[PDB]
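Spelled out, the chains give:
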Amino acid sequence: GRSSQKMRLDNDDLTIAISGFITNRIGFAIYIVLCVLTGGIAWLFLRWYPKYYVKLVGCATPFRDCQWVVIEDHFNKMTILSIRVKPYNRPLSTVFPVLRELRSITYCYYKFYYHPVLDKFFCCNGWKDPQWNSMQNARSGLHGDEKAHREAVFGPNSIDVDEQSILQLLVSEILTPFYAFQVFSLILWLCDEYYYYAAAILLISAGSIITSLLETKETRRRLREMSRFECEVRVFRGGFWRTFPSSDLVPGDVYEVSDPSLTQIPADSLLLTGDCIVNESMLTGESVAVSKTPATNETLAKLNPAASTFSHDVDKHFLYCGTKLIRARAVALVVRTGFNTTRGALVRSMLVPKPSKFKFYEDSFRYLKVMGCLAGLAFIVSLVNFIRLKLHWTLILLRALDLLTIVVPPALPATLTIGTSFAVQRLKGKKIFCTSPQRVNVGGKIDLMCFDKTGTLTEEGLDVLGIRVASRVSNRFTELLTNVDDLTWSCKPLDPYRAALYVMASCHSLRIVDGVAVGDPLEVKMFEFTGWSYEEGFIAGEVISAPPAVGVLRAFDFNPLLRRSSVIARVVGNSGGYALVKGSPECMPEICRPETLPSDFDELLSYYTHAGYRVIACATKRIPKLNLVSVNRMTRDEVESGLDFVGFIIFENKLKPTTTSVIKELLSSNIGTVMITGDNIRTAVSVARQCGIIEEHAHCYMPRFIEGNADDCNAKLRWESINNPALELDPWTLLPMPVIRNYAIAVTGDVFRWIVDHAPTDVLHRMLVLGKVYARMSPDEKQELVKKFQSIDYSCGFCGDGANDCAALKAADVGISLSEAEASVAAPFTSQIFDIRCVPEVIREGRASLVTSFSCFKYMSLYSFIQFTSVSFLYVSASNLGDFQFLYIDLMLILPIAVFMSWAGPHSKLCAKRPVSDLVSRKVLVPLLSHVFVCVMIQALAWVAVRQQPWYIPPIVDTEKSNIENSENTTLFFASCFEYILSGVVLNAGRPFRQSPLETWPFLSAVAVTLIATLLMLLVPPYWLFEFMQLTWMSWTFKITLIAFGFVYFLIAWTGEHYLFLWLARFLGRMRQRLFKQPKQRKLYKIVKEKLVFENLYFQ
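Residues numbered from 1 in each chain as written, not as in the entry; some residues may be left out. Heavy atoms only, no water.

cryo-EM is the method the PDB entry lists for this structure, together with a resolution of 3.5 Å.

The subject of this paragraph is helix α22 (residues 659-668). Three or more residues of α22 are buried, namely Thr659, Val662, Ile663 and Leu666. The buried residues of α22 all sit within an arc of 100 degrees when viewed along its axis, so they share a single face. Of the surrounding elements, those touching the buried residues of α22 are β18 (448-449), β26 (672-673), α23 (681-691) and α28 (838-872). Where α22 ends, the next residue or the one after it, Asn670, has phi of about 55 degrees, a positive value. (Buried < 20%, exposed > 50% of the residue type's maximum accessible area, 1.4 Å probe, protein only. Helix = DSSP H or I, 4+ residues; strand = E, 2+ residues; numbered from the N terminus. Arc of directions from axis to C-beta. Contact = heavy atoms within 4.5 Å.)

Turning our attention to the sheet that holds strand β16 (residues 331-334). Strand pairing in a sheet relies on backbone hydrogen bonds. The paired strands run either parallel or antiparallel. Read from one edge of the open sheet, three strands run β11-β16-β12, paired in antiparallel fashion. This sheet does not close on itself; its edge strands, each paired only once, are β11 (254-256) and β12 (269-273). Strand-to-strand twist of the sheet, defined as the mean angle between neighbouring strand axes without regard to direction, takes the value 30 degrees. Judged from the four bridges that link them, β12 and β16 form a sheet pairing that is antiparallel. Following the sheet pairing, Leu271 is matched in β16 by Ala332. (Pairing = 2+ DSSP bridges. Axes fitted to C-alpha atoms, helices over the stretch in contact; angles between N-to-C directions.)

A word on a negative patch on the surface. On the surface, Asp711, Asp712, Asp750 and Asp757 cluster together into a negatively charged patch. Among the secondary structure elements, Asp757 is positioned in helix α24 (residues 749-757). (Patch = residues over 30% accessible without salt bridge, like charges linked within 9 Å, V, L, I, M, F, W, Y side chains within 5 Å. Areas by Shrake-Rupley, 256 points an atom, 1.4 Å probe, with all protein chains shown as cover. Salt bridge = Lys/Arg side-chain N within 4 Å of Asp/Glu carboxyl O. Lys, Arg positive; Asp, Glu negative; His and termini not counted. Charge placed at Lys NZ, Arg CZ, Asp CG, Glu CD.)

With that settled, the discussion passes to the sheet that holds strand β19 (residues 463-469). The strand order across the open sheet formed by five strands is β19-β25-β24-β23-β22, and the pairing between neighbours is antiparallel. Since the sheet does not close on itself, it has two edges, and those belong to β19 and β22 (564-568), each with one partner. Taken pair by pair, the neighbouring strands of this sheet meet at an average axis angle of 20 degrees, ignoring direction. Pairing of β22 with strand β23 (residues 579-583), which is carried by five bridges, proceeds in the antiparallel orientation. If you follow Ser566 over to β23, its bridge partner there is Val581. Strand contacts of helix α18 (residues 521-528): β19, β23, β24 (614-620) and β25 (644-652), with the helix running at about 100 degrees to β25, the strand carrying the most contacts.

Core analysis: the biggest nonpolar cluster contains 92 residues, and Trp189, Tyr197, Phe360, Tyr859, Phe973 and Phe974 have the highest contact counts within it. Here the element with the most residues in this core is α28; it accounts for 12 residues. With 52 residues, the next largest nonpolar core counts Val756, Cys796, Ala812 and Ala826 among its residues. (Core = buried A, V, L, I, M, F, W, Y, C linked by side-chain atoms within 4.5 Å.)

To continue, consider the pattern of salt bridges. Within this structure, the stated rule accounts for 35 salt bridges. Its salt-bridge partner being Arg718, residue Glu728 comes within 3.1 Å of it at the nearest N-O pair. With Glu728 in the loop between β29 (718-721) and β30 (745-747) and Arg718 in strand β29, this residue pair connects regions lying 10 residues apart in the sequence. Looking at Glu728, the relative accessible area reads 32%, which means it is partly exposed. By relative accessible area, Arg718 is classed as buried at 16%. The partner of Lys782 in a salt bridge is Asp805, with the nearest N and O atoms 3.2 Å apart. Placement of the pair is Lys782 in helix α26 (residues 779-791) and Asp805 in the loop between β32 (797-801) and α27 (806-811), with a sequence separation of 23 residues. What makes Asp805 buried here is its relative accessible area of 2%.

The final tally for this structure, using the stated rule, is zero disulfides. The thiol of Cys491 is unpaired, and the distance to the nearest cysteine sulfur, on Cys618, comes to 12 Å. Note on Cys491: relative accessible area 32%, which makes it partly exposed. Considering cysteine sulfurs only, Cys618 is the nearest to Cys507, which forms no disulfide, with 8.4 Å between them. (Disulfide = S-S within 2.5 Å.)

Contact geometry of helix α31 (residues 922-946) with helix α32 (residues 967-987) gives a least axis separation of 9 Å together with a crossing angle of 150 degrees. If you check the angle between α31 and α32, you find them roughly antiparallel. Read as a crossing pair, α31 and α32 show a hand that is right-handed. The segment α31 lies against α32, with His931, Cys935, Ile938, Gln939, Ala942, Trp943 and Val946 engaging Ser967, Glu968, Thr971, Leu972, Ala975, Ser976, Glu979, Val986 and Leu987. (Parallel < 35°, antiparallel > 145°, perpendicular 65-115°, else oblique. Left-handed = near helix turned anticlockwise from the far one by under 90°.)

Burial analysis of β32 places five of its five residues in the buried class, which makes it a mostly covered element. By the alternation rule, side chains of β32 split into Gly797, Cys799 and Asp801 and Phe798 and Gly800, which are all buried. The pairing of β32 with strand β33 (residues 814-818) spans five bridges and is classified as parallel. For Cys799, the partnering residue across the bridge sits in β33 and is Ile816.

To continue, consider the UniProt feature "binding site: Mg(2+) 1" (unreviewed entry) in the protein chain. Look at the UniProt record and you will see "binding site: Mg(2+) 1" (unreviewed entry) annotated at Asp452 and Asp801. Following the sequence through the fold, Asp452 ends up in the loop between β18 and β19. If we ignore the near neighbours within four places in the chain, the residues touching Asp452 are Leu457, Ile676, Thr677, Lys782, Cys799, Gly800 and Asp805. Locating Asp801 in the fold gives a position in strand β32. Not counting the four nearest positions on each side in its chain, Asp801 is found in contact with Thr454, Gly455, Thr456, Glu460 and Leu818. (UniProt positions renumbered as here; feature names shortened; annotations may be inferred.)

Turning our attention to the packing of α32 against helix α33 (residues 1001-1019). Two numbers describe how α32 lies on α33: the axes approach to 11 Å, and their chain directions differ by 165 degrees. By the angle between their axes, α32 is roughly antiparallel relative to α33. Remark: the crossing between α32 and α33 carries left-handed chirality. Taken together, the residues of α33 that come into contact with α32 (itself represented by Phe973, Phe974, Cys977, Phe978, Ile981, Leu982, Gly984 and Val985) are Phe1003, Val1007, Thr1010, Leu1011, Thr1014, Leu1015, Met1017 and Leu1018. In terms of residue class, the contact of α32 with α33 is made up of 13 nonpolar, three polar and no charged. (Nonpolar A, V, L, I, M, F, W, Y, C, P; charged D, E, K, R; others polar.)

What follows covers the packing of aromatic side chains. A ring pair, where both rings are aromatic, is described by two values, the distance of the centres and the angle of the planes. According to the stated counting rule, one finds 43 aromatic pairs in the structure shown. Consider the rings of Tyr114 and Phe121, whose centres lie 5.4 Å apart with planes at 40 degrees: the pair is tilted. Where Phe358 meets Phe360, the ring centres are 6.0 Å apart and the plane angle is 45 degrees; that geometry is what we call tilted. What makes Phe358 buried here is its relative accessible area of 12%. On the basis of relative accessibility, which here comes to 0%, the residue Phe360 falls in the buried class. One aromatic cluster in this structure is built from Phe752, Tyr774, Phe789, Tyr794 and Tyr1085. Between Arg636 and the ring centre of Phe556, over which it is positioned, the NZ or CZ distance is 5.0 Å. Above the face of the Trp1036 ring, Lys1039 is positioned so that its terminal group lies 5.5 Å from the ring centre. (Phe/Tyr/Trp six-rings, centres within 6.5 Å; stacked < 30°, edge-to-face > 60°. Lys NZ or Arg CZ within 6 Å of the ring centre and 35° of its normal.)

Next comes the structure, spelled out in structure tokens:
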């Protein structure tokens, strides 16, 4: 039958090609003997290259009734997982007669089920044997043992990750190709009487292994602790309910929502009876309390849980997974269980293998493979040269195989980590802890930097801007002063200022525990203002700098549904501040007395709602003083008559004081900034204007569905401005119709899904590049937008408060989370200080780390090539450097200079340039290759100079042991040492991205120490340093000549690195198109932006 099934996964990003290969063959025993007798074929090579393994142990089977199946994805990486066996599952609707021995796999927490009649694998779990039937069956629960029959087919609500043991992570990390080559090199060094440097590399590699092991373990702990939850639910069945843990029920079980201990909803469940009040802060990003009505039979019979999205009417009938309950206001039947739920499908995308778009740690190993390919040729040449001189076979093998180790240094990736580690230490010093170090270098190449106006660049709680008085004496509203003006104007029954100030702490339930109120944050902020808050008794503490006393009685609560609250209580005199009313300007101005209206009740409300502020109405009910008595009880509807408003109280999301400076710094540093939020567009645009994300006096355009239908694959968008409307945009080109002023386009969240689902790719890319404000965006839409940014070559980073939207933090290149160090989960970075000032710190230290990591890579490659040249110039006479000269070079000239060249802070000012991030492009390889060439030239000239001296001691070809005391060994030792120290000097970064070498001490001091030591060894070595290091007597004028060669090499290398090799790189770039004129593609966002600014805006 059919063998290979090529289907895309439900999420567009991931694709796979499931291929059902056979179990094994009789040849498995032949496989075992022939690949484990050597010990380095099966467990090493066929784990690194699975393609061949599966082409040996297996042939093919169309019939998917085998023991294990291999999985192929779009990134050419294959894993192997077996087939799980279950005895009995009779209904066909479970996968959708009788079915036996179901075949199933779980690949990256995707459950694939094989259906026998159709002979195919499916991942859709929408129907999943619903059997709801009618309401009376739904309330009956689920009798019998069928819960177990509905358990093994779908598992529990637990969404815990695959907790790999230490023995599995150990063989996953320690068994890399490199860490095998390092074991080979250490074995060679131990066999070649080279113990000290081998022990040093063993310690360094062990430290790297422990660091990576603890990093991965902490990452798994963070991922596991975030997604775990357990609670004792009360009901499974209608008959004999009893409290069981939430990791036990199956789809079809019914549980009481009104249980007192049920703080947050375990699994999504259709509401059978009663109403609920839920909080959706962490799914869909709305902290406003949401009502939930019980589901009806008609809505229950049309359930299609296959699609993650759904219509709006179904949303108000089933609960959400992992959402906090505001108050226990009810029983509900679960719809789905496990990773296939609303929160499950969003935690599954956080566990998929990342594409690893940062290719520096892959390009370094690719160039290491290239050096290994060169080292094979070097090994062959050394072998055939040593055959000519007829040396001992042990020494021939040792020298020829040691040349391979010299060319490919085992300490290159270990010294690629020291600069990153220093950057991590500096960041932890600056009170920002970063988990993944490898992302720090990615922070260098940040092109865009997203945000979130919930609590990141704005304060979390709502804040009061000012007040608006009724001004009954003069209908024109007075200017706001944000202070007390009670005695300034009379405006004498009551005063609007005193009445409003009494209202500010009247109609809300407030209480204290220690210093801070316990009430809802909407009402909490109001009392602090003017410093006349009364909580206990009646009177309060008034400031010294003649205000009437305070007092309140007959308190009530502000119902969000009816949006009204009235409190009557005498406070001063007999008819002053007696009735105080809180409400909303939506409907109560119609109820308000028309004489009180200053004819500004509507346009001011409209202007403040367009400005995104929150307006609440302050009113004074006109009731005579004759209604005061101790036993006073009046229903709300009796008091509610009248209620003319006497002012407006204004709320806003006041931005942090340093947000504007950070946004301006990022904009001036040629880094775009966007805002991704979940609240209404009216305040997101205002916050963007305040911060500087949208330029001042720049029009903001939103798309609307007016020109077409609503949704569902057929609509025509009209892009209209916020201020000064009827300035449309072309839906096909996104240009300002003149029927370069900054476009500042602000899409919404539902429209963004419309455009992603069905719109021209040019239109999507134009909006995506032009986008500045993204409001009403769920975290799923947040990560979709982040992936779209990565899809148009933006290397964007995310900067979000808390860890609710951690999917966007993990999907982005840099995931800075402004939360506590222990409260942060699934985020590469974590900042204790809650300002957004940490983004310049992260970007700046990332740029410094990127530059110093490229410098360390170039220095390590130069060290490898210099040693290869200085040993290949000596292998022509069966000689090499000494056992201690190699030690000195490898331990006191490359490791100290590397770890002290990687020790410098970043330049304080964020420059407008961007460091090079490609390890293959001509701006990196050409200076490195030219440095290799000039090092080879200087060493060759030193060798030629020493070969013509009268006191020359020629090397002697020896068989048993290679002689070291020859006059062309000392020259190639000292010239090599100078070419190491001065290359470390030259390749060190300077002003544009890191601290200047003059401004930092422990690099200049290290260079001075390692250069003075070598100079004293060259000029005046003691007697104990001759026989120890195997030097040879040299002329004093020749020592001066060696110093001159070192200085000339320093001059030429510095002039090349700064003034000449960049010109050579530009020359190769200019002559690139003479061979293949096709212009290498730039970033997609750069192309779209330049085309849009030039061609589409120069056709007026």
